[PDB]
Engineer: 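Got a structure for you, questions after.
Naming convention: chains lettered A, B, ... in sequence-line order (proteins, then strands); numbering from 1 in each chain. Quick note: numbers below take in every heavy atom, side chains included, and nothing from hydrogens, waters or symmetry partners.
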Amino acid sequence: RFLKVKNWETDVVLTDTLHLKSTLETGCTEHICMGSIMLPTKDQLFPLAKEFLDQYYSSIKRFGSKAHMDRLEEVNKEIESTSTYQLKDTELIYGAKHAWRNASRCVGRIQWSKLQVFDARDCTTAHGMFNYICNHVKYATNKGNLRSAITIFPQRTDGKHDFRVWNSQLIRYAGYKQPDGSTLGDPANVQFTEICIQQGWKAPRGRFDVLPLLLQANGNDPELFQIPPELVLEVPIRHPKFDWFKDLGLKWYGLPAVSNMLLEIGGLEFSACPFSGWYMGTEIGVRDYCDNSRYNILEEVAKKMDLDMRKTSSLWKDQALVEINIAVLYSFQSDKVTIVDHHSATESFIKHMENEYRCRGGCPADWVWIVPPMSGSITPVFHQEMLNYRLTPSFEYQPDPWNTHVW
Amino acid sequence: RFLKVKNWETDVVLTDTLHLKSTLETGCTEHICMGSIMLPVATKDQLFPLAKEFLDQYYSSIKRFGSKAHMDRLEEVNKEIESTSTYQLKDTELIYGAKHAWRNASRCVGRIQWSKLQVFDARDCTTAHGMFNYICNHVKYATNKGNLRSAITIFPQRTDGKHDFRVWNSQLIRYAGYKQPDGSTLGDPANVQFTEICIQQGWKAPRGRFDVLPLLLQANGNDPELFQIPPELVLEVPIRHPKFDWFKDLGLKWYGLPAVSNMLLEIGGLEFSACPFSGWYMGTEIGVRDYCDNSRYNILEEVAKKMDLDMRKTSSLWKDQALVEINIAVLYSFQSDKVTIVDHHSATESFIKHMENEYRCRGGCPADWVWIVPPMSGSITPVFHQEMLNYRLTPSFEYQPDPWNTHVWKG
Ligand code: HEM
Ligand code: HEM
Ligand SMILES: Cc1cc(N)nc(C[C@H]2CNC[C@H]2NCCNCCc2cccc(F)c2)c1
Ligand SMILES: Cc1cc(N)nc(C[C@H]2CNC[C@H]2NCCNCCc2cccc(F)c2)c1
Ligand SMILES: C[C@H](O)[C@H](O)[C@H]1CNc2nc(N)[nH]c(=O)c2N1
Ligand SMILES: C[C@H](O)[C@H](O)[C@H]1CNc2nc(N)[nH]c(=O)c2N1
Ligand SMILES: [Zn+2]
């Protein structure tokens with residue numbers, strides 16, 4: 001029932017009671033741990049709705065009140081009638097903030113309550129989506145003073161009238177397969193980039209081409225739109241010490257904005273719910289730039305640094321990795337674009353965990369994702385035991401739309 | 001039931017069936033994952049089934065399943081259990097068992113080497129002096145003047161739980177730690193408690209930063225006894241840096257032989273409470289964990305100062321910069337002194353090959369991602385990108401309570 005988590009650096013021990021309220025399954029069993037696997041009706045809806053409303057009314061200290069019982073009856077009647085129901089604005093904002101709060105893979109949750117929620121449930125077309133999204137982009141960017149935001153499009157109905165953003169993130173760089181056999185730009189987006197060209201996009205065919213938005217309203221064919229360049233804040237990447245760094249031709253965008261996930265609140269499913277915060281430096285510097293299957297710039301940078309690249313044991317990869325990540329953080333800070341380093345972000349997360357344990361009885365956290373992809377053990381989260389479990393409201397994965405869509 | 005694991009860098013997909021053989025529990029449930037939790041007498045009743053399952057495994061491995069030799073062995077063990085409440089492993093079974101415990105060790109990234117283990121049978125040992133002699137021989141053999149060889153020494157099994165053989169040291173070779181009145185620590189802070197016990201037992205401590213601890217050895221449930229490992233047997237490496245001449249002036253050194261001595265080895269239901277085993281180091285164990293953990297030697301600030309890094313803000317990544325330099329130094333020093341060491345790039349690449357092999361020949365490879373991924377530069381190693389499945393197979397190495405917490409003092 002009660003579970004302890006220990007921090008092996010500080011000896012601080014926390015007691016988790018919040019897991020007892022978990023409703024979805026983890027993928028693990030008593031016999032096998034799947035902790036490192038990336039992807040591990042009318043009748044159905046009323047318990048889900050009831051569970052959520054009870055959470056909500058409890059949160060505002062009105063559990064079992066007249067408003068509470070009356071809301072539960074109103075929702076019951078609407079489900080009995082229409083097969084679905086509608087969230088109040090207050091419930092929608094609560095549900096969104098809590099889906100972020102419950103995101104066990106998110107290191108930046110100390111910020112969970114500050115989310116700006118844009119209600120786009122009145123949207124009907126792809127042009128309308130484009131408009132909402134441009135507005136979200138400009139608001140969240142805030143000329144470099146980034147603010148966290150989510151834009152919420154209409155909920156799933158029969159599932160043949162889905163709102164979807166086909167992009168994985170709102171702002172990403174194109175990837176093209178070449179005659180040469182190699183890849184120009186971002187290789188993760190090769191497939192998406194070719195679907196855009198298939199739909200009519202005139203590709204500039206460069207290394208950092210901001211992809212068009214491809215938007216699907218109400219189950220219809222998706223439509224292409226170019227985001228106004230003045231709305232896409234980009235940072236040229238230079239190094240505080242290495243003059244040649246600027247010459248590598250590197251840049252990245254300021255706004256990380258996940259657009260392919262599903263928001264689940266009280267059994268209602270929001271299949272188009274792009275949300276954005278700001279970067280931790282390592283996402284760009286370690287993952288985007290240095291993954292083998294991404295921009296893979298490690299070979300080139302070590303070359304400019306004149307490191308000994310003959311044997312892995314000179315740690316040439318590791319040395320270059322650090323310089324690159326210094327060059328991401330310096331550039332963003334010099335341009336006054338919000339960014340956090342992995343040391344600061346993980347320190348905040350430990351503080352957040354402590355807050356959540358004392359105020360809420362726990363914090364679901366996925367160690368495999370929380371610990372940064374560089375310098376793991378010099379960050380405090382490495383030494384922190386974490387319990388992973390699934391609470392709702394939640395953000396969930398969903399299949400890529402190009403496999404699902406019926407034209 | 002067939003489970004798939006994908007490598008997200010290479011798209012290679014593997015299929016696990018071996019998990020079906022797993023008996024024991026992980027600590028996770030359908031509703032909670034405890035994958036990051038560090039630590040999530042036996043009767044005749046329970047013993048024969050454990051023995052049978054082990055001997056079935058063993059006889060399958062040698063292609064003699066269902067043979068007369070197989071059947072006679074099951075009979076002889078069954079008879080021995082009913083007669084004596086326990087049984088004795090044959091030498092061949094003990095070797096197979098110890099190698100498989102290593103093969104099954106899901107937290108170990110060095111398992112490509114599993115079949116080359118040298119097994120020393122010390123089941124005829126009766127005294128702590130006898131333990132000391134066996135351990136010296138293990139250390140000399142494993143050390144091999146810098147050309148390290150994997151080894152394990154196996155002392156007599158648990159009987160009634162009152163006559164346990166134990167090595168009180170967590171590793172055969174480690175450095176003392178001393179808490180000073182001002183609250184600072186001299187030497188290795190991980191070993192403060194153990195060092196205090198040693199001193200209480202009568203060890204005369206030189207009270208320096210790298211004092212090799214004495215062995216504290218318990219035979220047959222008796223009170224443990226102190227022994228000094230002969231210093232000529234303890235290979236040590238002074239740490240210097242290929243480019244930074246001042247690095248040597250930090251006065252750092254480390255020992256060559258990593259030798260875990262506080263784990264329990266389980267084979268066919270038998271429990272070997274003293275089974276010290278050794279391999280050789282991956283650099284990050286020393287350079288990242290031993291030197292840079294805040295609760296260990298904690299040398300980051302001092303190195304960063306000597307490097308004249310900007311230490312006023314974390315986002316200069318001064319900690320990360322110093323970290324890499326320290327780890328270059330550890331690898332360079334070991335290689336220069338011709339002492340076996342593996343870097344985290346090479347060890348992780350070898351682990352992926354081993355894992356692919358194991359899935360194909362064995363139907364799986366239990367692996368604990370949290371432990372396998374190195375503590376620096378995670379995602380530039382191929383293991384970061386490899387999905388893994390963690391489950392518990394026997395034979396196995398298990399943790400056991402520290403002996404000072406459980407021992408009954410005879411005085
Ligand atoms: C404000 C600053 C934020 C920071 C620094 C931050 C940081 C991160 C990081 C480092 C990850 C790991 C993702 C990866 O490695 O690809 C992550 C994942 C995640 N974040 Fe946060 N985040 C922030 C804001 C948000 C917001 C506003 C939301 C939702 C409203 C959110 C929801 C999530 C979710 C659902 C994941 C898991 C995504 C997945 O499984 O791929 N984050 N975040
Ligand atoms: C041959 C070279 C070897 C290498 C490079 C190696 C590497 C490692 C590493 C890096 C770890 C994680 C240790 C930590 O972070 O504390 C580990 C753990 C482990 N290794 Fe290996 N190892 C080797 C040999 C062996 C041998 C010979 C055995 C026993 C026969 C063994 C059994 C284990 C076990 C049981 C663990 C888990 C320890 C724990 O949970 O505390 N290893 N090894
Ligand atoms: C909101 C927010 C803020 C922030 N700093 N960072 C983020 C993650 C974004 C940006 N940088 C990486 C990207 N990550 C989001 C997408 N992750 C998918 C990983 C994946 C792939 C395939 C199968 C799976 F099961 C899972 C979001
Ligand atoms: C045999 C071998 C080879 C090798 N390269 N490396 C090793 C690990 C040794 C050496 N370098 C670290 C040390 N690690 C072994 C002891 N670690 C126990 C951690 C622990 C703490 C508390 C609760 C737990 F459940 C677990 C062994
Ligand atoms: C196989 C493994 O689960 C996968 O590589 C994970 C590991 N940890 C991660 N951690 C974060 N933050 N982001 C990721 O994409 C991943 N990938
Ligand atoms: C809390 C967490 O599980 C703990 O710090 C683990 C993380 N991974 C590790 N990995 C290895 N190899 N060794 C360790 O001691 C640890 N510590
Ligand atoms: Zn698990």
Engineer: Can you tell me which portion of B:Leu300 sits under 4.5 Å from chain A's heavy atoms? Options are side chain, backbone, both or neither.
Structural biologist: side chain

Engineer: Is it true that B:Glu53 and B:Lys21 make a salt bridge, defined as a side-chain N closer than 4.0 Å to a carboxylate O?
Structural biologist: no

Engineer: Below 4.0 angstrom, N of the basic side chain to O of the carboxylate: do B:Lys306 and B:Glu302 qualify?
Structural biologist: no

Engineer: Do B:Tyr291 and B:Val303 make a side-chain contact, defined as non-hydrogen atoms from C-beta onward lying under 4.5 Å apart?
Structural biologist: no

Engineer: Pick from A:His31, A:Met34, A:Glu25, A:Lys6: which one has the most heavy-atom pairs with chain B under 4.5 Å?
Structural biologist: A:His31

Engineer: As an exercise: rank A:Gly376, A:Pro364, A:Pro40, A:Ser377 by heavy-atom pairs under 4.5 Å with chain B and give me the winner.
Structural biologist: A:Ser377

Engineer: Could you have a look at A:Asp318, A:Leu315, A:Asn388, A:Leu329 and say which one has the most heavy-atom pairs with chain B under 4.5 angstrom?
Structural biologist: A:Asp318

Engineer: With a 4.5 angstrom heavy-atom cut-off, is it the side chain or the backbone of A:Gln333 that approaches chain B, or both, or neither?
Structural biologist: side chain

Engineer: Below 4.5 Å, heavy-atom pairs only: which of B:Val342, B:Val324, B:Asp368, B:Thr23 has the largest tally toward chain A?
Structural biologist: B:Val324

Engineer: Please name the pair of heavy atoms, one in A:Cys363 and one in A:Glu356, separated by the smallest distance, quoted to 0.1 Å.
Structural biologist: CB-CB, 3.8 Å

Engineer: Please identify, among B:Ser316, B:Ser315, B:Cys292, the residue contributing the most non-hydrogen atom pairs under 4.5 Å to chain A.
Structural biologist: B:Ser315

Engineer: Could you check which of A:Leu3, A:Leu321, A:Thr379, A:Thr282 has the highest count of heavy-atom pairs closer than 4.5 Å to chain B?
Structural biologist: A:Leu321

Engineer: Under a 4.5 Å cutoff for heavy-atom pairs, which residue among A:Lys317, A:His19, A:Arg294, A:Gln319 has the most contacts with chain B?
Structural biologist: A:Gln319

Engineer: Name the region of B:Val5, side chain, backbone, both or neither, that has any atom closer than 4.5 Å to a heavy atom of chain A.
Structural biologist: side chain

Engineer: Do A:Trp8 and A:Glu385 pair up side chain to side chain, a donor and an acceptor below 3.5 Å, judged on atom types alone?
Structural biologist: yes

Engineer: Hey, can you tell me if B:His241 and B:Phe244 have their rings parallel, tilted or perpendicular (30° and 60° cut-offs)?
Structural biologist: parallel

Engineer: Among A:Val371, A:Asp291, A:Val286, who wins on heavy-atom pairs under 4.5 Å with chain B?
Structural biologist: A:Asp291

